[PDB]
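Colleague: Below you will find the structure I want to go over with you.
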Amino acid sequence: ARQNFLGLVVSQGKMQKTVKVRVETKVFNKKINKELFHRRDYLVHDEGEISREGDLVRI
Amino acid sequence: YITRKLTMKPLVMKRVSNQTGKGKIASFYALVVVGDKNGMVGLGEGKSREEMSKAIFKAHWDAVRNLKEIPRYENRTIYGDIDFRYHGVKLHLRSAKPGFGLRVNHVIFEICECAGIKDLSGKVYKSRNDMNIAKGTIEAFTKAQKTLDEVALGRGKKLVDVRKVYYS
Amino acid sequence: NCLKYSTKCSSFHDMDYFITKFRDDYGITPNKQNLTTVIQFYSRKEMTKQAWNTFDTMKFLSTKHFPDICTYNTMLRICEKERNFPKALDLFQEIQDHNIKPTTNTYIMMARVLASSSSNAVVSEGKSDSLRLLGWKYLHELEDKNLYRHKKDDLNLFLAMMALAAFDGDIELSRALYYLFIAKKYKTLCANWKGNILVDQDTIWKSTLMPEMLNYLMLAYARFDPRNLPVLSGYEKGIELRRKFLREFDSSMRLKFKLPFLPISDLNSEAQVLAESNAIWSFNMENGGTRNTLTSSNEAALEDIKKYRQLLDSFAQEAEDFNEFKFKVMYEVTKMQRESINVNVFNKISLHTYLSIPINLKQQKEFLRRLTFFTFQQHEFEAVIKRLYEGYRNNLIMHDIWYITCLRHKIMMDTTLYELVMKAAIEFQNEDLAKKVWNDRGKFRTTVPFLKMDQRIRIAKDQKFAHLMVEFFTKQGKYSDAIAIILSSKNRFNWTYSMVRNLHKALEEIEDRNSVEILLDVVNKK
Amino acid sequence: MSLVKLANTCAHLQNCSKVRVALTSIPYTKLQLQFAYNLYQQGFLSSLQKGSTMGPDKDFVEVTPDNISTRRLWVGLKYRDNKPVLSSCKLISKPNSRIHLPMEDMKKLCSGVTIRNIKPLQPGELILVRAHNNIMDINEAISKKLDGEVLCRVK
Amino acid sequence: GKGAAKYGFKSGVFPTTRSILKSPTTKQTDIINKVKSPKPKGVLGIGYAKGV
Amino acid sequence: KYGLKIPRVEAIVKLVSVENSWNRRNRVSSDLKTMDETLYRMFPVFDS
Amino acid sequence: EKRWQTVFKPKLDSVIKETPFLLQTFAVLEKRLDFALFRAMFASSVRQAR
RNA sequence: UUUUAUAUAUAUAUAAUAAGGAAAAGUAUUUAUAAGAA
């Protein structure tokens, strides 16, 4: 299906109809032998401007 | 019993000096292991000034004196892994399948051969002194090893329960 | 008190009613004593796991609820019943650790636990002699100090000693203990009997004969090995105890009431062992001689045949239907057996030990004579009663009447007895006996006693019999038929490697890699 | 459920064994209670009792938020033949690196393979696995086909 | 040689086996049921919410 | 019956088949018989 | 020697006295044809069997 | 411990009393495998 992620809005209103969403995933680091999280910031489309910083959203 | 059954193998043979005012005095240190190959082993040490033969002689008697029974699993290996620290040597020793060789450090090889430990795989970390390796080897063999029977009785359980389940 | 009586009647519903009643309506929860009684309940119903859970809770809840020496004695009894000696030893260590004070019962129960655990190499983990030795040591530690005694403990002590005597195959000690116990019981009862001795001789002997002592003596007989050496022989305290008891038995025999013990300190041959086994069994069956059932005459046979002819042919018409006529015959035979001979000493357990004596001693003739004289097959009895039903409603008839008469001497063949006879066939390598027994077991499956049991018990017993057949065909060397029995019932029975270890070994000796592979796949498909 | 509290408990039992104390205490939490019960059922601990910080409870006490702060679980330690039954106790899953194994890798661990640099099960050893907030022996966890986090190793 | 152990100790690749029917058939009801079942929206969701 | 292994029994059957054929054609020679009898007497004889 | 090293099987096979497990070090050679001839007493040497 | 008894002001100090005892025979595959020397 279409890729779906759960994230947290970080920047909103700096842009027009666009927000930044912090997305966290789980990955196994063999080198340190740890299931650690990795972060990335997605530029995401907000239409209707219904997004505010600190919202938990699905992208 | 003692001569016919026990086997002696020298482990360490060396010259140690004690430089006195007049000159360098040199004596002979010998460390030996005596084991019947059937679950009894001991270590001995000797120090002699005039000839190494006397050092090995006293070492043989001392090894005979400290001869002790050694726990053994199936009369071929250690009961479980032994991780032991002795005065700077780190011995990690693992029991092994029947037919597995003595894939260990040489000093441990003679000790196991004397004591009847057929099967073992181990590594020596930190310092690798043969003296300390041998001493720590015997100590970890006797202190750091517990028989399955003894463990079960201490836990008040039958051997059938404590024995591991087979998985594949 | 409620829980006490409920235990004595073994009423689970009454336990639930009383406990729930108190908790619901009275705010009363069981204390340490009531929880100990609950543990005794669970032990009575053979529910060991619940008893251990209750014991754990007694420790957990509070120090008032914390177990004391009485609960520890009960738990030691549970260990005995489960033949769990490591846990019994660990418990004894706990009583010492928690500073709880042992009593006489603690030592006696530990001795009994060790004696029972030493029965087989399998249950003893290969330390049987050591366990019997340790039980004796615990009895010595008892003998050292006064502790707290109980009126019953003395009896148990004797039993405990006999246990250690019985499982070690010490015939002479078992004989000495049996004689001393029976003599003291008889003299105590006769000295303290209100009525005249003669008239109440039946009641006196019925009180005197404790079936547990008989069973332990016959177990001592069955484990006879001439090359065996008693564990109690080695020690100085042990040899002194043996010497004292044997001297007392000897003196008592040298000095009314009589027992048929042969006039010898020890039995050195199998034949004498069989003779004494028959002697003591016959004495017990006769209530010590009060009942003269076992002795017979052709006069008695003919007269009893006539009497039961009259009785049965009269009762036949009266019954409404064949089922009711069976019920009447059942009631008659059952009550007849009890009046004939003591019920307690004559049962499945003592009979099992008695028939086990020759099997261990390796005499076929004595075993078959005993089996025929003291056993009857259910289906044969039912066929005989059907035959007599058709005979009366509408020498073989004399034979059937004599059969229903001789039922007073017999007990039905249960599954366990059939398995014992199968073991006899294995030991003696008699193919005819094996064929007879697995024919009779197949017939017995049809009779109502088998179908009365629960399906899991039926399947477990059938699995046991299949395993016994596999062992027989293995030892006879007919490997193909053993593999056939395993393969045919693979789904119905769970076959474990513990069952087929003998077969796997004996196949690997000849290197039948095909048969080994198929058998191992059956076992380990899992 | 803190692995920190469980680690503190493990070190406390080790220290209590080394100095040969018969009775000691641990925090009264369900993780600690399940841990103590699993150690006790396997014979490592002599007994479990309820209590307070001062000591074991004389009479039964209900557990409420009022007294929860001072509640403690008193474990009695076993010493047999001048040796400690609970000789050593370790945490396999550290709070940093937590080890959640599927059933196949638990079978591998029980069968002698080293998975995620975990030294496999030893004969006289005990390994505990938490699955869906229940602690249980690794063998039982495999028996119930339950995926879980491997927690600790008491030998 | 090590990686081959992952695939049954097989060195070399066959071309990936093709599918005669590229899409599920009508008679294969289960795929239709999953396809025409209610679409979940939430923490684990697949479509835009009602007002979004 | 004879305390032997199955593969040894099968090998015995095959070898006795070959022996039967050779005896039928008398392909065995006096030297071969002498060697057979010599070697047979150098080893212990199996008992059933 | 460099051929024996390749032929050498580090994993051996075994089916109260002690099993001599490590005498099977050279059991891999026993299936070679020339060794079979020598063991069958069909040759006075392995080279003669060759 | 618990239950009651006296006395004193539902409670307190004293005295007595305690229900937890059961017996039975027979019922392998163990797995992966890490050596140092000068």
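Each answer follows from the model by the rule given with it, or from the source it names; no laboratory instrument gave them. Methodologically, a virtual Cβ is constructed for each residue, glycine included, from the backbone with ideal geometry; neighbour enumeration extends over all protein chains shown.
Colleague: Out of segment C:99-117, which residues are touching a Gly at 6+ places or on another chain (Cβ under 8 Å) and more than 14 Å from chain B (Cβ to nearest Cβ)?
Modeller: C:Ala111, C:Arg112, C:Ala115
Colleague: Considering every residue within segment D:99-110, establish whether at least one is out of contact with any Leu (no Cβ under 9 Å at 6 or more places or on another chain) and away from RNA strand H (no atom under 16 Å from the Cβ).
Modeller: yes
Colleague: Any idea which of C:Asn73, C:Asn31, C:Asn53 is surrounded by fewer than 20 Cβ atoms within 10 Å (Cβ to Cβ) and within 12 Å of RNA strand H (Cβ to nearest atom)?
Modeller: C:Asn31
Colleague: Then there is this: Can you confirm whether B:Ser168 is in contact with a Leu (Cβ under 9 Å, 6 or more places away or on another chain) and either assigned by CATH to the domain that holds B:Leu31 or of a type in the set (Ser, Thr, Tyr) (or both)?
Modeller: Criteria not met by B:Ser168.
Colleague: Which one is nearest to the other protein chains (Cβ to nearest Cβ), of the residues in segment D:16-45 that are under 11 Å from D:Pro84 (Cα atoms) and surrounded by fewer than 17 Cβ atoms within 10 Å (Cβ to Cβ)?
Modeller: Here the answer is D:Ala22.
Colleague: Among the charged types (D, E, K, R) and within 14 Å of chain D (Cβ to nearest Cβ): does that describe A:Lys26?
Modeller: When the stated conditions are applied, A:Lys26 passes them.
Colleague: Evaluate segment C:7-18: report whether one residue or more is within 8 Å of RNA strand H (Cβ to nearest atom) and within 14 Å of another protein chain (Cβ to nearest Cβ).
Modeller: No, because not a single residue in segment C:7-18 is within 8 Å of RNA strand H (Cβ to nearest atom) and within 14 Å of another protein chain (Cβ to nearest Cβ).
Colleague: In the list B:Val41, B:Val32, which residue meets the criterion of being more than 16 Å from RNA strand H (Cβ to nearest atom), closer than 21 Å to B:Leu148 by Cβ and not in a loop (DSSP other than H, G, I, E, B)?
Modeller: Of the residues listed, the single one that is more than 16 Å from RNA strand H (Cβ to nearest atom), closer than 21 Å to B:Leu148 by Cβ and not in a loop (DSSP other than H, G, I, E, B) is B:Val41.
Colleague: Looking at C:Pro102 and the list (1) within 28 Å of the chain's Cα centre (by Cα); (2) within 23 Å of C:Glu143 (Cβ to Cβ); (3) of a type outside the set (S, T, N, Q), which single condition is not satisfied?
Modeller: (1)
Colleague: Look at D:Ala7 and say whether it is part of a helix (DSSP H, G or I) and surrounded by fewer than 19 Cβ atoms within 10 Å (Cβ to Cβ).
Modeller: yes
Colleague: Oh, and also: Please note which strands (runs of 3 or more DSSP E) are completely contained in segment A:6-59 and include at least 3 residues that are out of contact with any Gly (no Cβ under 7 Å at 6 or more places or on another chain).
Modeller: Those strands (runs of 3 or more DSSP E) span A:6-12, A:18-29, A:34-45.
Colleague: Sort out which residues of segment E:1-38 are surrounded by 10 or more Cβ atoms within 10 Å (Cβ to Cβ) and either under 22 Å from A:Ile59 (Cα atoms) or out of contact with any helix residue (DSSP H, G or I) (no Cβ under 8 Å at 6 or more places or on another chain) (or both), and write them in order of number.
Modeller: E:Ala4, E:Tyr7, E:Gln28, E:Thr29, E:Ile31, E:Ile32
Colleague: For a quick check of your reading: which strands (runs of 3 or more DSSP E) sit entirely within segment D:66-155 and have at least 3 residues that are under 28 Å from D:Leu48 (Cα atoms) and within 12 Å of the chain's Cα centre (by Cα)?
Modeller: D:89-91, D:126-131, D:134-137, D:148-154
Colleague: For segment C:172-199, give me each residue that is away from RNA strand H (no atom under 16 Å from the Cβ) and either among the hydroxyl-bearing types (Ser, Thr, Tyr) or farther than 14 Å from C:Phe257 by Cβ (or both).
Modeller: C:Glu172, C:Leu173, C:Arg175, C:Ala176, C:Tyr179, C:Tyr186, C:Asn192, C:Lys194, C:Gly195, C:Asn196, C:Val199, listed by residue number.
Colleague: Which one of the conditions (1) more than 14 Å from chain D (Cβ to nearest Cβ); (2) within 11 Å of RNA strand H (Cβ to nearest atom) does C:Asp68 fail to meet, given that it meets all the rest?
Modeller: Among (1) more than 14 Å from chain D (Cβ to nearest Cβ); (2) within 11 Å of RNA strand H (Cβ to nearest atom), the lone unmet condition for C:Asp68 is (1).
Colleague: Looking for something among the polar types (S, T, N, Q), within 14 Å of chain B (Cβ to nearest Cβ) and out of contact with any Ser or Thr (no Cβ under 7 Å at 6 or more places or on another chain) - is there at least one such residue anywhere in segment C:30-39?
Modeller: No, there is no match, as no residue in segment C:30-39 is among the polar types (S, T, N, Q), within 14 Å of chain B (Cβ to nearest Cβ) and out of contact with any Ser or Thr (no Cβ under 7 Å at 6 or more places or on another chain).
Colleague: Sticking with this structure for a sec: What are the residues in segment C:484-510 that are within 14 Å of another protein chain (Cβ to nearest Cβ) and surrounded by 15 or more Cβ atoms within 10 Å (Cβ to Cβ), if any?
Modeller: Those that are within 14 Å of another protein chain (Cβ to nearest Cβ) and surrounded by 15 or more Cβ atoms within 10 Å (Cβ to Cβ): C:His504, C:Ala506, C:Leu507, C:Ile510.
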